[PDB]
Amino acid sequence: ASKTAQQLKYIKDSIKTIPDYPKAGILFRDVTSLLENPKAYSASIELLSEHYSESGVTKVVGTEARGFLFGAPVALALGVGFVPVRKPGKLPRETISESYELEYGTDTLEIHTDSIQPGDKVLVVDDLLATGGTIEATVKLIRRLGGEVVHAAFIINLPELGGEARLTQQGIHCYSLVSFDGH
């Protein structure tokens, strides 16, 4: 139908699936094929930017590193500043930190304290919503700095992994371009 419905279809199709990776039974959805498809990649940025055009967002936050690939072009499209959330020890200015759980341990994300401030309306962008661990931690970073965050946006959602449910149940309206079944 619309330019949006054709684009959403082309996007989903451009994302290749890798069977039995990283373990038997998992159908991996590989966003790197979308990155090397210029029509799919430009489309994705376009749709994300358009969806938030009237939202009054003042900053975009993306986590290292695939969050950078989608968050930063949306920031550039919206004409707002981009704020990276990073693995620990990479950011040079004063930071705060939050932990999150991995399958096999815990790790931390940091943000520059000078980069968010009261007033800010912040969109979080990432590639893929799975368990939502890193977004939960990002949300905390932002709120400690007085930022408002009620939107997170993704290229791919895996609803069966529960990220959406748990972010929703925490004030965050998730928007995702495409969604897949499975873990």
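Definition used throughout: the rigid core is the maximal C-alpha set that superposes within 1.5 Å between two forms. One-based numbering along the sequence shown.
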When the core is superposed, where do the C-alphas shift more in 7 other deposited structures of this protein: in 101-109 or in 80-88?
-> 101-109
Looking at C-alpha RMS in 7 other deposited structures of this protein with the core superposed, is it 20-28 or 171-179 that drifts more?
-> 20-28
Quick one: higher average CA temperature factor, 22-30 or 128-136?
-> 22-30
Looking at the deposited entry, does 39-47 or 154-162 carry the larger mean Cα B-factor?
-> 154-162
Based on the entry's values, in what third of the chain does the Cα temperature factor of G105 lie: lowest, middle or highest?
-> highest
Divide the modelled residues of the chain into thirds by Cα B-factor and specify which third, lowest, middle or highest, holds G67.
-> middle
